[PDB]
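> sequence and experimental coordinates follow.
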Amino acid sequence: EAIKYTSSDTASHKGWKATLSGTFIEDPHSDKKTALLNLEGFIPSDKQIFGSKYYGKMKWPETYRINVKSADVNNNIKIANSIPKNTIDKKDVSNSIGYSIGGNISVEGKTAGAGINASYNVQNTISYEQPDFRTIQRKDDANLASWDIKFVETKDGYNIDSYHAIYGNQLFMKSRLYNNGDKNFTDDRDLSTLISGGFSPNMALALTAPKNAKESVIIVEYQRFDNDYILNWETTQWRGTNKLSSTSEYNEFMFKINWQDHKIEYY
Amino acid sequence: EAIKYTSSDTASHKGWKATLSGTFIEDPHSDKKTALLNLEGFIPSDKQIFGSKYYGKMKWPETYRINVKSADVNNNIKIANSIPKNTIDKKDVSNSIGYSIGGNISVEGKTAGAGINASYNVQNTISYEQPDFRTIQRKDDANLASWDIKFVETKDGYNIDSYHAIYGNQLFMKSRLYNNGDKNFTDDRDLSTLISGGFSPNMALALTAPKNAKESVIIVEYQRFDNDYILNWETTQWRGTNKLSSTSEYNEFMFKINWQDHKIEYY
Amino acid sequence: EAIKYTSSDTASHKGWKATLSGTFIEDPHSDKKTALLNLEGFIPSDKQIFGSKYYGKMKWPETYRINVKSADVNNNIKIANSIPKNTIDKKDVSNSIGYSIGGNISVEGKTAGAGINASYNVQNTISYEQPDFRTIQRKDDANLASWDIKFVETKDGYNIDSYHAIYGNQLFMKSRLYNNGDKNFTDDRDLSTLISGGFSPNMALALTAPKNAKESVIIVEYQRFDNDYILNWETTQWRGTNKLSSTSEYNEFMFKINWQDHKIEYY
Amino acid sequence: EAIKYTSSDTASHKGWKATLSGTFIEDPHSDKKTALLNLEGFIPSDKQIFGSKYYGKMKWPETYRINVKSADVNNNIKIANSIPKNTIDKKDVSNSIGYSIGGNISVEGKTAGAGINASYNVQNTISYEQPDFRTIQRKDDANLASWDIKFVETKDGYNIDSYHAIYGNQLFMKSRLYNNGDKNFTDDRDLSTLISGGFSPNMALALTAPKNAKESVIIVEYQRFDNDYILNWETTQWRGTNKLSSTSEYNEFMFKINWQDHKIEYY
Amino acid sequence: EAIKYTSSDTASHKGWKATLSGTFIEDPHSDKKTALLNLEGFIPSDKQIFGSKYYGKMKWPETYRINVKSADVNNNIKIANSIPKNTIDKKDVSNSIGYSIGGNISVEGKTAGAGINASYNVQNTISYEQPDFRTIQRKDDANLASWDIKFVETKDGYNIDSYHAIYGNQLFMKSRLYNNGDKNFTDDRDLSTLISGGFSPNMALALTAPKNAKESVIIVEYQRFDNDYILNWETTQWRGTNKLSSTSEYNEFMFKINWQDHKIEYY
Amino acid sequence: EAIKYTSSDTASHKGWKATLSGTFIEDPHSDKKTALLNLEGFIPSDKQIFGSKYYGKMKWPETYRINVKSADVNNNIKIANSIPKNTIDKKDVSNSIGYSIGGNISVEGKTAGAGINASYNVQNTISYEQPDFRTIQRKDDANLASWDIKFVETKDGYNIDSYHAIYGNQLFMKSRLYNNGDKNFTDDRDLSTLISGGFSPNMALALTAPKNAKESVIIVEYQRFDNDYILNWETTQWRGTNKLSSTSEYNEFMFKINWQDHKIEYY
Amino acid sequence: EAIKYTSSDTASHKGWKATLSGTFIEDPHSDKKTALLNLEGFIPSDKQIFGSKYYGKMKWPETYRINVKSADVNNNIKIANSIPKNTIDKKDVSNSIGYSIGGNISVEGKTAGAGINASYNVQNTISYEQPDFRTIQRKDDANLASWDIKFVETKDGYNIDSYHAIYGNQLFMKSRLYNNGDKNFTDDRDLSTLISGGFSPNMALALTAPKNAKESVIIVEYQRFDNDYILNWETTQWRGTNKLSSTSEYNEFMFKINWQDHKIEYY
């Protein structure tokens, strides 16, 4: 014998975008009037390239950061549960131990030989699954919920800290020594969809309020940390090296909810 | 206690085709009157072949591009969520380290020998899944949603940038040196269904409008980028090489929705 | 508050068979009166054998072709969505790089030796799934929807274009050199069920019509392309070779739908 | 606003058995009065053994055959869809290409050697799934639906056509040379459940009739084809060889359906 | 507009146990009044051990046998469908063919050698799944339904017919030569749960009766076949050998169903 | 048209705990008034350690035992079905047979050699799944249902009967020769959760009673069998050996059900 | 015919956080008035780093501990079932035994040799799944339910007890010898999400109370055990070693439930 009052609003600002889509609950048997909100937005990657014959520079997003802040004026409302949350990672382990025995019979020009062979074997394999981007929940309190989406490594197997005395960091290197700066960066074909184009997020969260509920304020804060990766032609081959955050683009989105009118709005 | 008003319309123009099938929602408990639209269309590949005894030319689609544009006249309506969206790619990693020891006993003509052997092993395997066509979401704002469907590589393992000093790019090469131009291209048997015949798309999107809702306009824009791949007989063997976009076929489809009459129409 | 009016009809003609089973929708909240049709028919393979002591000839279906054509007299009705549709194919890739080091100690008749060994390893595996028959959607417009079901290759790993200087095409060869013509063809045991007996199809499609809807016409067209594969005894062993379409059996089935009476009929 | 009239009947005759369990549909919105029937019966294998010290003979079923025939007196009723139907078989393919390089350092009695090694690797694996009995749909028309269930091969990997100069066909051979005729046949432990005891079938089928519907007749025809496999002791070892159909047991079951009374009966 | 009349009864007799739990159906639209019965009972294994210093004897169940017999007095009622039923077994097959080429360079005391190597590879693997106990349906008629649950082989890979000149049958042998008779049998730890303790069954079956339905009789017959496996100390090592059925415990359970009163009872 | 009367009670006694949560069924169409009970309790492991510099002793649970006893005073009530029950274990078998042929060409100081090589391969692999604790149903009658949960073996691969002349039983040994008694036992990190902390059970069971149903009594009996495993420092290395049951902790819990009042209670 | 009264409350205290979200049940057919509570909270990891050129110190959580305590004043209420609970761990075992035979033919300078080779193979592999954090249920009584979440080992394969004479414990070591103290710790990229940021828990539990139910008290107690892991530069390479609990942060949260008012509150 409860009623549900849906509502939603969205804002863009510079092509970022946040969709705040909420559902209010006025259950009579529940002492506290609760609501739950889904954040189904989008945020660009802005993968940009600058190059020449002997030099390249690809700007790309190393890590995204989305924080949702609640703010009750009377300070009764509190973000209860916040999805997504962290999970214990699993790894497949397998050990083996074998033994092989045998012998042989040989002959070469009226001289017959023969032999015996014994061997022992051991191997410890360890499989597991690694995502191209690790999504860790950084903070989660009564009025804050932060999430980071940070780059792990490429399908090729290169990370931000990779280093080779000759080629430097081989991250995003199409060719060790062939094509020029702008054409030497990895094509969107093989890249992770997160870097190729805008990606993320999907964050849900329930907030419990009293029957008094008049007004509350949620605030969505996107922050994209852009690393600059450069290619320097060292005469014989390409030598890549990765710098970091020259500028970190940031956009906040203020959402206000009215509980008496059962509506959600921007600003 | 809400009502749902379905509606749909379709247009073809030159054998492309777009199916706009929407469902309106007039929920009283929802302050904003929202609708959601599914785009279940079709678009041809137009795989064409031209050849001779010593020359071939297969035109094929390298990448498709579908952009949906909303346009509110009062500018209240805003495309909230847009499916499909990007996902973090997963890769299976597995490392192993073993050690094998043993020995032997031999003899050859009244002379007995024997030996010992020790060995160590290490291997770092990295499995993952690669689609024949990567589907990346390029843009997604308050009035635009672009998606690209670009070619990754063949089951054989060849990409657009593949090169061999002798055979050139072996993409779509049936035989290195046997049959003639027109007959040397890969048969539809082994090809990806996307190139063999028309394929794509499936894009959903919700747009939130106020109670005032009178008129809005959605616009579906298909664009197919056709690469020309040619085969040149270099006396002893075939030498393939891949050019690009000579002409890029494009088709727009204007859909208009009336919210007061609860109907969707073309133009 | 909508009503659904089911209806169905079937025809055989020469043992082919088409089942047109439709469901009409008279939704008041939908401006256009829509219907959806499932095509759950059957079509024979007609695998026939002719042989002798030193000669064989198995006729078999290389590719099936099913096209559904809509035809509105006023030209308001248009086939909206058509199932099945094409899907981006996925392939499993896995690369590995290892290194193994060790040594040994030996002795043979008062002379002790010893050694060291180092080795490096690399392997690039590529797994994927190939169907015995690729089902590609060829065309899909406002009044046409064509589908092809073409033969890929045998479980043994032979295709239509396979060739060996000695045995020729080993497709459907039970024995290289043992049994005679009629008995040398592959038994239905190991064959694909599509060739062993009749198979296919399953094609659904929705067509949107206005409230005016009086009459429409759907037309199912089956076409089976039969390749003739022959075995010629070349004295020492069998030499198989594959010709093509001597005759291509074809059957059309005219279905007419009345929307005012809510019924479907043949002719 | 439709009504469903269930009904069922079963008959045995010699321990075979057929269960005809139907459901009639009197939908007012459907112009044609349709029914659907499930055939959930059973049929024995009759695996029999006859043997001695130096001779054996196991009779077993090579292939089953079930055909369902409809017969309308006015000839209005027609079996629309018939389950099961054939499916395109899938096979997993995987190709790999590697390269391993290295070297060594050796010494034996004041004489130090050393070396280099290079190697290349290629492998084309092809996995797939093979059932012990292939179920192919042979025929399917307006008044007939035939299905065959034929033996493929054993888990050991032997088929009907297997041959070895010494042991002959090793199908169903427990021991090459040890135990006597009757005791030399494979125990029901390792055998396929289809041969060990009676097995099959499960066949569904819908038939569409007009409102006039008075009477129709379905007919279930089982036929079991029994191959005789014999073991002849050739002094040193067992030599098996497989003959075929000495007698093929057959049983028909006439079912009649009354649509005016909404009942199904035998004969 | 039908009614369902549940009912159930159970009996034990010597710790065996049978649960007959039925559900009657009085559907007006169905001409025949049908019922369906589930048999969810239990039956002990009675794994018993007798031993000494140099002798052992473990009694264990080789195969279970459950037969359900129906008996209509007027002979109208007939067991229609009977679960479980047999299924076609599937096996995974995989074939591979490779080729590896290379060479080497060597030197030992002012004498440089070198070489070439070529190799070819082929392998035919066959995987499949084997249950510890094969459940085959032996008979199924109008008034009988028999099922056998027979022992296949151990996880170690030993069957009833295994034989070794020295150790004899190694079935259920904990140690080849260490501990004494009673302590030499395999502990319940590694054994199959079916032999460790009582196990089975689960058999369902539908019987169709006319409206006249007054009385029917079902009869559940359990039979456990116990093989005696003995261990004889042959001085140096253990020599196991397996006899068979000394006594086969059997228990019948008479259930009678009243359809007029809608109840099921024992005796 | 039936009614369901839920009820529950729980008791602890010494930190063991049993949750008896039942649901009664008063169906008018069912002649017998039936109930079903779920047993979702908990029982401690009591893993205790006692040690010194040269001696250790870890007490741990080898096997748990839970028996549920019903007791009707008039003796009408009988435990019908009892979950969990035993299942036939499955094992994956795979056999392979290959053959590799090749040759070589060599030369060392104006003396050219060459060779041929042939090889054959066979391998019989057998995979399966083994739980750390086998759960076998020991007994199941009209008034008793016993279940055992016994230890199989460690992930490392050691069982209760493992023995090594030097280290003895390596079960639960952290180090062969390094740390002292108390610190030498395996940390809860790698241990099975059943031994690390309390675990089990989950047992359901239905009991059928007549309409007369006044009172019945269920009785839950836990029994934990504790094996004492000791470590004795044999000067150079650790020598572990496993004793058994010094004391077996036991706890009974009497539950009584009133069917007239539709309630369940303790004692 | 029952009623459900939801309710919830949350508290933070120092950025920890506990969400107590309960659902009361007032079923008339149930003698005892029961409730069930879900604990969907969050708790920080507080991974802190302190370092220099030749020294590092990363504080991290080794194990979490969550205990829920119930407290009835009249002492009628008792926590019945408590989720999560422990599960028997499964391990995949596989054994293999092969044999390979062959021979060779060689020749080197007018001297032809030849040989035979025989070999035997055995291998016992054991796969299983190990979580980065083992979640064991420590205690569960009538008024207490404790759960531990303890660290197992890294994806690399290092545990708390790992030791190497040279590098010490390689846990969390980015480089053996390259970068300095603060920069030498493992980046959040590769770390387990539990340590990178706050994680856990999710614990449900049902408590059965009588109709009298006036007040009860639940108490959530978080305790995080922080191990200090340090890196000491031993001139040539890094030597890591792991200390333990310097301080163990702890936070309790008192929740009180009123059953007469059907509400849950903090303190």
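Received, thanks. Residues are numbered from 1 along each chain as shown, chains lettered A, B, ... in the order given.
> please count neighbours and contacts with C-alpha atoms only from this point.
Fine.
> ok and the residue in chain A nearest chain D?
residue A:156 (16.5 Å; Cα to the nearest Cα).
> looks to me like that residue is in a strand.
No: Residue A:156 sits outside any strand when classified using DSSP: H, G, I helix; E, B strand; the rest coil, being coil.
> residue A:236: neighbour count?
10 (other Cα atoms under 10 Å in any protein chain shown).
> could you pull up the contacting residues of it?
residue A:177 (Cα atoms under 8 Å, 6 or more residues apart in numbering or on different chains).
> ok, the residue of chain A closest to chain D to residue B:91 distance?
10 Å (Cα to Cα, to the nearest Å).
> for residue A:179, same thing?
Distance, residue A:179 to residue B:91, using Cα to Cα: 28 Å.
> of residue A:156 and residue B:91, which one has the most company?
residue B:91 (19 against 15).
> just say helix, strand or coil for the more buried one.
Note that with three-state DSSP, the state of residue B:91 is strand.
> what bridges to it?
Note on residue B:91: beta-bridge partners by DSSP bridges are residue A:130, residue B:128.
> with residue A:78 instead?
Following DSSP bridges, residue A:78 is listed with bridge partners residue A:208.
> could you check how far it is from chain C?
42 Å (Cα to the nearest Cα, to the nearest Å).
> wait, residue A:225 sits on residue A:59?
No: the pair residue A:225 / residue A:59 is not scored as a contact, 10.2 Å apart, by Cα atoms under 8 Å.
> do stretch A:94-113 and chain B meet?
Yes: counting by Cα under 8 Å from any Cα of the partner chain, chain B has neighbours in stretch A:94-113: A:111, A:112, A:113.
> just among the residues you listed, which is most surrounded?
The residues of stretch A:94-113 next to chain B, ranked by neighbours (other Cα under 10 Å): first place residue A:113, 18 neighbours.
> can you pull the contacts of it?
If you count contacts by Cα under 8 Å, 6+ apart, then residue A:113 has A:105, A:106, A:107, B:106, B:107, B:108, B:109 around it.
> again with residue A:256
Applying Cα under 8 Å, 6+ apart, the residues near residue A:256 are A:215, A:216, A:217, A:218, A:264, A:265, A:266, A:267.
> tell me the one of those residues nearest residue F:246?
Set against residue F:246, the nearest of the contacts of residue A:256 by Cα to Cα is residue A:218 (62.7 Å).
> partners of that closest one in the sheet?
Taking DSSP bridges as the rule, residue A:218 bridges to residue A:70, residue A:255.
> name the element whichever residue of chain A sits closest to chain E belongs to?
Proximity of chain A to chain E (Cα to the nearest Cα) peaks at residue A:98, 16.9 Å away. Following DSSP states H and E, one finds residue A:98 within strand A:90-108.
> roughly how far out does that strand sit from the chain middle?
In terms of Cα atoms, centre = their mean, to the nearest Å, the centre of strand A:90-108 is found 42 Å from the chain centre.
> what is it packed up against?
For strand A:90-108, the packing partners by 3 or more Cα pairs under 8 Å, 6 or more residues apart in numbering or on different chains; DSSP states H and E come out as strand A:112-131, strand G:112-131.
> and residue B:73, which of the ones you listed is closest to it?
Of all the helices and strands packed on strand A:90-108, strand A:112-131 comes closest under Cα to Cα, at 43.1 Å.
> which parts of stretch A:19-29 are buried?
A:19, A:20, A:21, A:22, A:23, A:24, A:25, A:26, A:27, A:29 (16 or more other Cα atoms under 10 Å in any protein chain shown).
> contacting residues around it?
A:1-11, A:33-41, A:255, A:259, A:262, A:264, B:80-81, G:4-7, G:262.
> give me the buried subset of these.
A:5-11, A:33-41, A:255, A:259, A:262, A:264, B:80-81, G:5-7, G:262.
> in strands, which of the residues you listed fall?
Under the assignment DSSP state E, the buried ones among the contacts of stretch A:19-29 contribute A:5-11, A:33-39, A:255, A:264, B:80-81, G:5-7 to strands.
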